[PDB]
Structure formats: structure tokens, C-alpha cells
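Inspection log for the structure reproduced underneath, given as C-alpha cells.
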Amino acid sequence: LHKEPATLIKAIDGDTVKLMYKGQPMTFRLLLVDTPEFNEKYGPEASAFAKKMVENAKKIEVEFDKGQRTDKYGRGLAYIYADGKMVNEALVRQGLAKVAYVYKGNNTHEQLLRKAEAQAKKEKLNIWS
Ligand SMILES: Cc1cn([C@H]2C[C@H](OP(=O)(O)O)[C@@H](COP(=O)(O)O)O2)c(=O)[nH]c1=O
Ligand SMILES: [Ca+2]
């Protein structure tokens with residue numbers, strides 16, 4: 001997999017974000033995770049956490065997996081990095097997202113994220129509390 005440039009346009013919620021990628025605005029949906037919706041328990045915390053992470057970053061990168069790059073809604077599907085740190089993994093590690101939506105052929109970072117989930121669960125963080 002390869003990291004590619006992008007710039008923040010705006011935070012949306014825990015697991016979606018509006019980025020400019022190859023010069024075009026796009027909503028990205030984070031691979032392999034599911035945050036609560038904003039109106040749900042821990043939804044506001046997931047949104048705040050993802051937002052801070054992307055808004056503070058000097059460098060946003062997009063990393064496509066091996067399979068489809070757009071979902072049926074036209075959302076880009078990628079791993080999103082903020083100054084080298086993966087937003088997908090960080091949400092899971094803090095118990096602000098569950099590993100989810102693991103489809104064959106877009107699952108490169110599955111086990112990295114499950115490891116983070118297991119440690120979040122041990123610490124009974126947030127969703128696991
Ligand atoms: C994360 C991801 C979601 N999706 C689709 C599955 C779900 O379809 P449905 O809308 O029919 O439930 C939806 C979940 O996204 P959200 O969690 O943002 O709602 O997006 C994919 O197709 N591929 C993916 O990799
Ligand atoms: Ca969601």
C-alpha cells in the first residue's frame with residue numbers, strides 16, 4: 001500500500017471526513033471501522049477525537065487498500081493518516097470505534113486494528129467501559 005497526499009476540507013464525524021484528493025473534494029469513509037453516529041452514545045466523543053486529529057495535523061495522507069476505492073455512496077474508502085498516525089487505528093485504540101465492515105480484499109490492516117481493539121477492550125475504554 002502507498003500513502004498519498006490530501007488536505008483537510010472539513011471534519012464530518014467519527015469515521016467520515018471531507019478531504020481534497022488529487023485536487024477534488026471527496027468524502028472519505030474510514031476502512032475497517034465503525035464509530036457510533038453523532039446522536040448515539042460515544043458518537044460525540046468519536047467525532048471530537050477524529051476532528052482534533054485531522055485539524056491538528058500538518059500532513060494528511062490517504063492510503064487506499066487493494067480493492068474498491070469508492071463505496072456505493074461515492075465515498076472514498078481509505079486509511080487516513082495524520083502526521084504519520086493512522087486515524088482508523090487511533091479511534092479503535094481509544095475504544096471510540098469497533099473493527100467492522102471487514103470485506104475481503106480491502107482488509108490489509110485488519111489484524112493491526114484488531115490488536116488495537118483488544119487492548120482498548122482490556123482497558124475497558126469508552127465503548128468497552
Ligand atoms: C466501511 C464501508 C462501508 N460500506 C457501506 C456498508 C454500509 O451499507 P449500508 O448503508 O446499506 O448499511 C454502509 C455503512 O457506512 P456507515 O457506517 O457510514 O453508515 O457503508 C461499504 O460498502 N464498504 C466499506 O468499506
Ligand atoms: Ca458509523
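So you can find residues: chains in the C-alpha cells are A, B, ... in the order shown, residues in each start at 1, and ligands are numbered from 1 in order.
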Within 10 Å of ligand 1 (only C-alpha atoms and all ligand atoms), residues as an MDAnalysis selection string: chainID A and resid 13:16 28:37 67:78 99:104 106:107
Shell around residue A:82 at 12 Å using only C-alpha atoms, local window under 4 positions removed, as a ChimeraX atom specification: /A:3-8,50-63,86-90
For the residues in that selection, give me N, CA, C and O atoms as a CSV table (one decimal), in the first residue's frame.
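Ended up saving to selection14.csv:
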```csv
chain,number,residue,atom,x,y,z
A,3,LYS,N,1.0,5.6,0.7
A,3,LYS,CA,0.4,6.9,1.2
A,3,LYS,C,0.5,8.0,0.2
A,3,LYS,O,1.5,8.1,-0.6
A,4,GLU,N,-0.6,8.7,0.0
A,4,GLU,CA,-0.8,9.8,-1.0
A,4,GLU,C,-1.2,11.0,-0.3
A,4,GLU,O,-2.0,11.0,0.6
A,5,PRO,N,-0.9,12.2,-0.9
A,5,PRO,CA,-1.3,13.5,-0.3
A,5,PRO,C,-2.8,13.8,-0.4
A,5,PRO,O,-3.5,13.4,-1.3
A,6,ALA,N,-3.2,14.6,0.6
A,6,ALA,CA,-4.5,15.1,0.6
A,6,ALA,C,-4.5,16.3,1.6
A,6,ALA,O,-3.5,16.4,2.3
A,7,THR,N,-5.5,17.2,1.6
A,7,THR,CA,-5.6,18.2,2.6
A,7,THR,C,-7.0,18.2,3.1
A,7,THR,O,-8.0,17.7,2.4
A,8,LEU,N,-7.1,18.5,4.4
A,8,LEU,CA,-8.4,18.6,5.1
A,8,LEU,C,-9.3,19.6,4.4
A,8,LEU,O,-8.8,20.8,4.2
A,50,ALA,N,-11.7,12.4,16.1
A,50,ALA,CA,-11.4,12.4,14.7
A,50,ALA,C,-11.1,13.8,14.2
A,50,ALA,O,-10.2,14.0,13.4
A,51,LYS,N,-11.9,14.8,14.7
A,51,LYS,CA,-11.8,16.1,14.2
A,51,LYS,C,-10.5,16.8,14.7
A,51,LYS,O,-9.8,17.5,13.9
A,52,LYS,N,-10.2,16.6,16.0
A,52,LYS,CA,-9.0,17.1,16.5
A,52,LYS,C,-7.8,16.5,15.8
A,52,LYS,O,-6.8,17.2,15.4
A,53,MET,N,-7.9,15.2,15.6
A,53,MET,CA,-6.7,14.5,14.9
A,53,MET,C,-6.4,15.1,13.6
A,53,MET,O,-5.3,15.3,13.2
A,54,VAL,N,-7.5,15.4,12.7
A,54,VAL,CA,-7.3,15.9,11.4
A,54,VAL,C,-7.0,17.3,11.3
A,54,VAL,O,-6.2,17.7,10.5
A,55,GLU,N,-7.6,18.1,12.2
A,55,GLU,CA,-7.5,19.6,12.2
A,55,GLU,C,-6.1,20.0,12.7
A,55,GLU,O,-5.6,21.0,12.3
A,56,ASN,N,-5.5,19.2,13.6
A,56,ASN,CA,-4.2,19.5,14.2
A,56,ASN,C,-3.0,19.1,13.3
A,56,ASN,O,-1.9,19.5,13.5
A,57,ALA,N,-3.3,18.2,12.4
A,57,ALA,CA,-2.2,17.6,11.5
A,57,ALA,C,-1.6,18.6,10.6
A,57,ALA,O,-2.3,19.4,9.9
A,58,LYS,N,-0.3,18.5,10.4
A,58,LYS,CA,0.3,19.3,9.4
A,58,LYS,C,0.3,18.6,8.0
A,58,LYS,O,0.3,19.2,7.0
A,59,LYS,N,0.1,17.3,8.1
A,59,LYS,CA,0.2,16.5,6.9
A,59,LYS,C,-0.9,15.4,7.0
A,59,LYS,O,-0.9,14.6,7.9
A,60,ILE,N,-1.9,15.4,6.0
A,60,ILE,CA,-2.9,14.4,5.9
A,60,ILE,C,-2.5,13.5,4.7
A,60,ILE,O,-2.1,14.0,3.6
A,61,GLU,N,-2.6,12.2,4.9
A,61,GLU,CA,-2.4,11.3,3.8
A,61,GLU,C,-3.5,10.3,3.7
A,61,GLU,O,-4.1,9.8,4.7
A,62,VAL,N,-3.7,9.8,2.4
A,62,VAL,CA,-4.7,8.8,2.1
A,62,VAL,C,-4.1,7.6,1.6
A,62,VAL,O,-3.1,7.6,0.8
A,63,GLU,N,-4.5,6.4,2.1
A,63,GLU,CA,-3.9,5.2,1.8
A,63,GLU,C,-5.0,4.2,1.3
A,63,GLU,O,-5.8,3.7,2.2
A,86,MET,N,-2.3,6.7,12.0
A,86,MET,CA,-3.5,6.3,11.3
A,86,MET,C,-4.7,6.6,12.2
A,86,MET,O,-4.8,6.2,13.3
A,87,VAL,N,-5.6,7.4,11.6
A,87,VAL,CA,-6.8,7.8,12.3
A,87,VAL,C,-7.7,6.6,12.5
A,87,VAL,O,-8.2,6.4,13.6
A,88,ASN,N,-7.8,5.7,11.6
A,88,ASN,CA,-8.6,4.4,11.8
A,88,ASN,C,-8.1,3.7,13.1
A,88,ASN,O,-8.9,3.2,13.9
A,89,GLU,N,-6.8,3.5,13.2
A,89,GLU,CA,-6.2,2.7,14.3
A,89,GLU,C,-6.4,3.4,15.6
A,89,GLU,O,-6.7,2.8,16.7
A,90,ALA,N,-6.2,4.7,15.6
A,90,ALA,CA,-6.3,5.5,16.8
A,90,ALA,C,-7.7,5.5,17.4
A,90,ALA,O,-7.8,5.4,18.7
```
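Atom CA of residue A:114 is found 20.8 Å from atom CA of residue A:47.
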Find the residues near residue A:126: any atom within 12 Å, counting only C-alpha atoms, skip ones fewer than 6 places away on the same chain, and give them as a list in words. residues 35, 36, 41, 42, 43, 44, 45, 46, 91, 92, 93, 94, 95, 96, 97, 98, 117 and 120 of chain A
Keeping only N, CA, C and O atoms, write the selected residues to a file as a tab-separated table (two decimals), in the first residue's frame.
```tsv
chain	number	residue	atom	x	y	z
A	35	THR	N	-17.60	4.00	13.90
A	35	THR	CA	-17.88	4.85	15.04
A	35	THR	C	-19.40	4.94	15.29
A	35	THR	O	-20.19	4.79	14.36
A	36	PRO	N	-19.82	5.20	16.53
A	36	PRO	CA	-21.27	5.49	16.77
A	36	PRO	C	-21.63	6.71	15.92
A	36	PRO	O	-20.75	7.54	15.67
A	41	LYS	N	-24.51	7.08	21.77
A	41	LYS	CA	-23.53	7.10	22.86
A	41	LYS	C	-22.09	7.00	22.32
A	41	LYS	O	-21.79	6.10	21.54
A	42	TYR	N	-21.23	7.92	22.76
A	42	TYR	CA	-19.82	8.00	22.33
A	42	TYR	C	-19.65	8.53	20.93
A	42	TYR	O	-18.52	8.68	20.46
A	43	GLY	N	-20.77	8.81	20.26
A	43	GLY	CA	-20.75	9.47	18.96
A	43	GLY	C	-20.13	10.85	19.02
A	43	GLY	O	-19.27	11.17	18.20
A	44	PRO	N	-20.53	11.68	20.00
A	44	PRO	CA	-19.90	12.99	20.07
A	44	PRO	C	-18.39	12.92	20.38
A	44	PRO	O	-17.62	13.71	19.84
A	45	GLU	N	-17.98	11.97	21.22
A	45	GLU	CA	-16.56	11.79	21.51
A	45	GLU	C	-15.76	11.30	20.30
A	45	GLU	O	-14.65	11.75	20.06
A	46	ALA	N	-16.34	10.37	19.55
A	46	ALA	CA	-15.70	9.88	18.34
A	46	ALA	C	-15.51	11.02	17.33
A	46	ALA	O	-14.41	11.19	16.77
A	91	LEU	N	-8.71	5.70	16.60
A	91	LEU	CA	-10.11	5.55	17.05
A	91	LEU	C	-10.36	4.20	17.72
A	91	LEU	O	-10.89	4.13	18.84
A	92	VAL	N	-9.92	3.13	17.08
A	92	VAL	CA	-10.11	1.79	17.67
A	92	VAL	C	-9.34	1.66	18.99
A	92	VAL	O	-9.88	1.18	19.99
A	93	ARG	N	-8.12	2.18	19.02
A	93	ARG	CA	-7.27	2.01	20.20
A	93	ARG	C	-7.88	2.71	21.42
A	93	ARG	O	-7.69	2.29	22.56
A	94	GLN	N	-8.60	3.80	21.16
A	94	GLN	CA	-9.24	4.56	22.25
A	94	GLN	C	-10.65	4.04	22.58
A	94	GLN	O	-11.36	4.63	23.39
A	95	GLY	N	-11.07	2.95	21.94
A	95	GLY	CA	-12.42	2.44	22.19
A	95	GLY	C	-13.51	3.38	21.67
A	95	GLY	O	-14.64	3.44	22.19
A	96	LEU	N	-13.17	4.16	20.65
A	96	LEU	CA	-14.14	5.08	20.07
A	96	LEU	C	-14.71	4.54	18.76
A	96	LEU	O	-15.61	5.17	18.14
A	97	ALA	N	-14.17	3.39	18.32
A	97	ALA	CA	-14.72	2.69	17.18
A	97	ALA	C	-14.57	1.19	17.36
A	97	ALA	O	-13.63	0.74	18.03
A	98	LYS	N	-15.42	0.42	16.67
A	98	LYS	CA	-15.26	-1.04	16.67
A	98	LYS	C	-14.65	-1.40	15.33
A	98	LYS	O	-14.94	-0.74	14.33
A	117	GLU	N	-8.08	-2.96	19.03
A	117	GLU	CA	-9.36	-3.22	19.71
A	117	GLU	C	-9.21	-4.06	20.98
A	117	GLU	O	-9.83	-3.75	22.00
A	120	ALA	N	-7.81	-1.81	23.74
A	120	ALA	CA	-8.92	-0.92	24.18
A	120	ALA	C	-9.93	-1.67	25.05
A	120	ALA	O	-10.45	-1.13	26.04
```
What parts of stretch 6-101 of chain A does DSSP call strand (DSSP E or B)? I'd like the answer as a PyMOL selection string. chain A and resi 6-11+16-21+24-30+33-34+60-63+70+76-82+85-86+98-99
Go ahead and compute the interatomic distance for atom CA of residue A:27 and atom 1 (Ca, counted along the ligand's line) of ligand 2, in Å to one decimal. 13.5 Å
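Considering the residues A:64, A:81, A:38, A:49 and counting only C-alpha atoms and all ligand atoms, ligand 2 has its shortest atom-to-atom contact with A:38.
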